[PDB]
């Protein structure tokens, strides 16, 4: 019941993911970590770098427990939740005879990775990712970040893919490149139905992105909310 809270305090937020009509369809679970005594906020990358494999599992478990605690809300409003997947947790899910089960029972919870995931360029040849994708919803959170190829996408590993804010904003800022978004979207859609656009941070960006008809959108227009205020995101 303590998980990682004896080492770092997790102050958790939900990033709203809304469809092209702004209806809430899911949330991404994020954490602002503080030191144990609360004196300083610690960058997530620095927290994650330190963790042993068991600590990686504890942090994952703490987040799972948080999401499980919201299960009635997620099911009732038909939403999904993104939970960060690290390779350390991947190994434990795949190689223990009793870790994979709890996650499985909550299918609204989806495993989120980024283009920096180890050996992502192997696509379906990444044994761990292939295996997890066989039973869990897998999401690539930052397609277009320029840190991997799309092999894993065309290999069919993902349930959803989100185009990174840097990619979306680059093509919208340099307006003549907007067709590049359309071409990328068209090519990916058969291999992954659900394409999401990040970086929707201004009214102008939303106006430009709406005609693309992405399944969902994420960005500063819909600020993070503390996890206990998730009810503020849906109809009263």
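Positions refer to the first chain, counted from 1.
The question of which stretch, 171-179 or 193-201, has the higher mean Cα B factor is settled in favour of 171-179. Stretch comparison (135-143 versus 116-124) by mean CA B-factor in the PDB entry places 116-124 on top. Going by the entry's values, 39 shows the largest Cα B-factor out of 31, 63, 208, 39.
The top Cα temperature factor in the record, among 111, 103, 163, 89, falls on 103. Per the PDB record, residue ranking by Cα B-factor puts residue 82 in the middle third of the chain. For residue 130, the recorded CA B-factor ranks within the lowest third of the chain. Only modelled residues enter the ranking. Ranked by C-alpha B-factor against the other modelled residues of its chain, residue 227 falls in the highest third.
In the PDB entry, a CA B factor belonging to the lowest third of its chain's modelled residues is recorded for residue 27. Sort the chain's modelled residues by C-alpha temperature factor and residue 20 lands in the middle third, per the entry.
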